[PDB]
Each structure stands twice: as structure tokens, then as C-alpha cells.
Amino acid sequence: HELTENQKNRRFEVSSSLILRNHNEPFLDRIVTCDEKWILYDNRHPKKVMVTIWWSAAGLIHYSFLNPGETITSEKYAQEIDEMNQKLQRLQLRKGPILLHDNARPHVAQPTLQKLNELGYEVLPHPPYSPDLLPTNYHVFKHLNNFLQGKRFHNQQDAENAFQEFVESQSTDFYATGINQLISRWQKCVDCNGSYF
């Protein structure tokens, strides 16, 4: 993607504001974050399965694979947020969670917005065209790409089993790395006047 001037401005504005917010009142520890990815069956039309992973600095919260019958809708994403939140509630056994996710249509439509309001989630400002500011993408997915190269799955189950081994392979500090990098990435974005860095 070739950033326009308005897109760089939005990146710069959000970056600068988030760095100051965290300095004023640190909130990284309250972030829950996610993203969707298509996992190809052949990693050397083509079969693929979509995964959604949810996590915080404390660790893996929830992940799910899009199954036959299911549609990628705001209705589905709302049900996923409810399930994720139940798992977070078990795992956290005090300030409310803050969701960082991109502007994919289901993320920003009803009834996703109402679900977030009902469960007590703030949504973090996120600028368009910025996977370099989305930790699931710049951290988890980067390491997952490394892991999948260059495997071959036969079915959806083998693809799931490889994602599982990937997740279970990670050390306890792996997630914290991705989250904590946000400060440095916001700053690099400010340093480059809202461009990529």
C-alpha cells in the first residue's frame, strides 16, 4: 500500500496520541488484540482456512477457525468476542480491557459495537492501512509465517494441528514482546511523519 497524505496524518495523529496516553496513564497491560489470517494448506483454487487469534501481554486468550457453514459477519464476530471474553475472565482469575483491532467491516459494525459496549470493552483508535501497528500481524503472524514455511497440510485438521503446535511452542514472555513493541513502533511512526518505518 502507498500511503496518501491523509493516511499518514491519521497514522501520525494516532501514534503520537497513544504514546502520550500510555506515558500519562500506562494501559498496555489492559490490551486485548486480534487479527484474522488465511492459512494456506500449501506453504512452499488453493485451499486455505481462516484463523482469528486473540491475546494480551499475559498470553494467548482464544483462537478459532472459520468452519463450513459459517460466515465472516459482524454477528459471528460478536459471538466470538463473547466467547473470548469468557476465556479472558477465567484466565484473569482490575481495569477494563481495551480491544486493539483493525477496521475490517465486521469489527466496526453492529452488533459487534453493542457487544463491546455490553461487556465493558474500550476500543483503541487504530489508523487504516497500518498492519505494522497491529501486533497480531507484526508479531504473531510474522513468527507463524516463519513456522509454516514450507509445510503442506492435507485437510483443515492438519492446518489446525500445526497452528496448535505453533501456539504451544511459545515461551511465556512471547506475547508480552508483541504488545510492548507498540511504544517503539508508535514512535517510529511519529519519527517518519506518519509514513511506514
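Throughout, we count residues from 1 along the sequence that is shown.
- Going from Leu93 to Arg94, you skip over 4 to 9 residues of the deposited sequence that the entry leaves unmodelled.
- Unmodelled stretch separating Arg44 from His45: 10 or more residues (count of deposited-sequence residues without coordinates).
- Here 98-106 and 67-75 are compared by their mean Cα B-factor, and 67-75 comes out higher.
- The stretch 142-150 shows the higher mean C-alpha B-factor when 142-150 is compared against 129-137 in the entry.
- Within the selection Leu60, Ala159, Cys34, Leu28, the deposited Cα B-factor values reach their highest point at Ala159.
- When the modelled residues of the chain are ordered by their C-alpha B factor, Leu40 lands in the highest third.
- Sort the modelled residues of the chain by CA B factor and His23 lands in the highest third.
- The deposited CA B-factor of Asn193 belongs to the lowest third of values across its chain.
- The PDB entry assigns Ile53 a C-alpha temperature factor belonging to the lowest third of its chain's modelled residues.
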